[PDB]
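> Got an experimental structure here, sequence first:
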Amino acid sequence: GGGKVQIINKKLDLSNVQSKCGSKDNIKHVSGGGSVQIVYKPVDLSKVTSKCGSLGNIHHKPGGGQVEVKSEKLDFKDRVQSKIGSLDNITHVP
Amino acid sequence: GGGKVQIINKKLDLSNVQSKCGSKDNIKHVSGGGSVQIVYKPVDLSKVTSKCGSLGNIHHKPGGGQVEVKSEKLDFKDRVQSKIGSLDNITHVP
Amino acid sequence: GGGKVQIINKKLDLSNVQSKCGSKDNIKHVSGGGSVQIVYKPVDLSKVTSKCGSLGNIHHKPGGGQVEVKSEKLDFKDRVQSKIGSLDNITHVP
C-alpha cells in the first residue's frame, strides 16, 4: 500500500467578449453656417421655400452625438493558490 | 491499504459579455447658424415657406445627444485558496 | 508500495474577443460655410428653393459624431500558485 498525495490547482477561463455596432442611417451630421434646408422624399408638387438675409458675427460649433460601444471583462488581482506548509508522505511496509 | 490525500482548487469562468447597438435613423444631428427648415415626406401641393431677416451676434454650440452602450464583468481581488498547514500522510502496513 | 506525490498547476484561457462595426450610410458629415441644402430622393414636380444673402464674420467648427467600438479582456496581476514548503516523500519497504 503506497501513500499517494495529489494537489491540483486549475483555472479555466472560457471567455467570449463581443462588441457589435450597426447603423443604417441617412443624413446624420449636417451643419450650415447660415440657413440649412433639408427635404426628405418630396412627392408631386411639393413646393418648399426658404429665405434668409444677411449673415453677421456668427459662431457655430456643433459638438455632435458621439456613439461609443464597449464590452470589457477584467480580472484584477485574481488568485488561485494552494499553500501547503510542511508536506510529508511516508510509506513503511515491512 | 494506502493512505490517499487529495486537494483540489478549481475556478471555472464561463463568461459571455456582449454589447450590441443598432440604429436605423433619419436626419439626426442637423444644425444651422440661421434658419433651419426640415420637411419630411411632403405629398401633393404641400406649400411650406420660411422667411427670416438679419443675422447678428449669434453663438450656437449644440452639445448633442451622446449614445453609449457598455457591458462590463469585473472580478476585483478574487481569491480561491486552500491553506493546509502541516500536512502529513503516513502509511504503516507490516 | 511506492509513495507517489503529484502537484499540478494549470491555467487555461479560452478567449474570444471580437469588435465588429458595420455602416450602410448616406450623406453623413456635410458642412457648408454658408447655406446647406439637401434634398433626398425628390419625385415629380418637387420644387425646392433656398435663398440667402451676404456672408460676414462666420466661424463654423463642427466637432462631429465620433464612433468608437471596443472590446477588451484584461487580466491584471493574475496568480495561480502552489507554495509547498518542505516537501518530503519517503519509501521504506524492507
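Perfect, I can see it now. Numbering: from 1, shown residues only, chains lettered A, B, ... in the order given.
> mind checking which helix or strand the spatially most central residue of chain A is in?
The geometric centre of chain A, computed from its C-alpha atoms, lies nearest to residue A:70 (CA atoms, centre = their mean), at 0.7 Å. Element membership for residue A:70 (DSSP states H and E) is strand A:67-76.
> CA atoms only: put that strand into PDB for me.
Taking Å, rounded to 0.1, in the frame of the first residue of the first chain, the C-alpha atoms of strand A:67-76 are listed here in PDB:
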ATOM      1  CA  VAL A  67     -21.600  57.000 -30.200                       C
ATOM      2  CA  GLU A  68     -19.500  54.500 -28.100                       C
ATOM      3  CA  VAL A  69     -20.000  50.800 -27.800                       C
ATOM      4  CA  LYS A  70     -17.700  48.800 -25.400                       C
ATOM      5  CA  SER A  71     -17.600  45.500 -23.600                       C
ATOM      6  CA  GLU A  72     -14.900  44.700 -21.100                       C
ATOM      7  CA  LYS A  73     -14.100  41.700 -18.900                       C
ATOM      8  CA  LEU A  74     -11.300  42.400 -16.400                       C
ATOM      9  CA  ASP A  75      -9.800  40.300 -13.600                       C
ATOM     10  CA  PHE A  76      -7.900  42.400 -11.100                       C
END
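> Which strands and helices lie in contact with it?
strand A:12-17, strand B:12-17, strand B:67-76, strand C:67-76 (3 or more CB pairs under 8 Å, 6 or more residues apart in numbering or on different chains; DSSP states H and E). All C-beta spots, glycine's among them, are computed from the backbone N, C-alpha and C.
> and stretch A:68-84, which residues are buried?
Buried residues in stretch A:68-84, counted by 16 or more other CB atoms under 10 Å in any protein chain shown: A:68-73, A:75, A:78-82, A:84.
> Direction included, what does the strand holding residue A:70 pair against?
strand B:67-76 (parallel), strand C:67-76 (parallel) (DSSP bridges).
> Dump those to CSV, plus distance to residue A:39.
Output for the strands paired with strand A:67-76, formatted as CSV (distance: least, CB to CB, whole Å):
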stretch, distance to residue A:39
strand B:67-76, 26
strand C:67-76, 26
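> Out of those, the one nearest residue C:54 is which?
strand C:67-76 (36.2 Å; CB to CB).
> immediately after the closest one, which helix or strand?
Next in line after strand C:67-76, if elements are assigned by DSSP H and E, sits strand C:89-92.
> That next one: how far from the chain's middle?
57 Å (CA atoms, centre = their mean, to the nearest Å).
> Can you name every helix or strand that that strand contacts?
By 3+ CB pairs under 8 Å, 6+ apart, strand C:89-92 packs against strand A:89-92.
> what does the strand it packs on contact?
A:1-5, B:2, B:5, B:88-93, C:1-3, C:5, C:88-93 (CB atoms under 8 Å, 6 or more residues apart in numbering or on different chains).
> of these, buried ones?
Buried among the contacts of strand A:89-92 by 16+ other CB under 10 Å: A:2-5, B:2, B:5, B:89, B:91, C:1, C:3, C:5, C:89, C:91.
> Residue B:48: which of the helices and strands packed on strand A:67-76 is closest?
strand B:67-76 (30.3 Å).
> Contacts made by the closest one with the rest, please.
Under CB under 8 Å, 6+ apart, the answer for strand B:67-76 is A:65-78, B:13, B:15, B:17-21, B:23.
> so what's residue A:75 bridging to?
residue B:75, residue C:75.
> how near is it to residue C:74?
Counting by CB to CB, to the nearest Å, the gap from residue A:75 to residue C:74 is 8 Å.
> Over to residue A:89?
40 Å.
> How about residue A:88?
40 Å.
> does residue A:49 sit in a helix or strand, and which one?
Residue A:49 belongs to strand A:48-53, assigned by DSSP H and E.
> export that strand as PDB, just CAs?
Provided in PDB are the C-alpha atoms of strand A:48-53 (Å, rounded to 0.1, in the frame of the first residue of the first chain):
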ATOM      1  CA  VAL A  48     -40.700  74.200 -50.300                       C
ATOM      2  CA  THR A  49     -39.100  77.600 -50.000                       C
ATOM      3  CA  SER A  50     -36.600  79.100 -47.600                       C
ATOM      4  CA  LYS A  51     -35.400  82.700 -47.500                       C
ATOM      5  CA  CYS A  52     -32.800  84.400 -45.300                       C
ATOM      6  CA  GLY A  53     -31.000  87.700 -45.400                       C
END
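> Having no further points to raise, I will conclude here.
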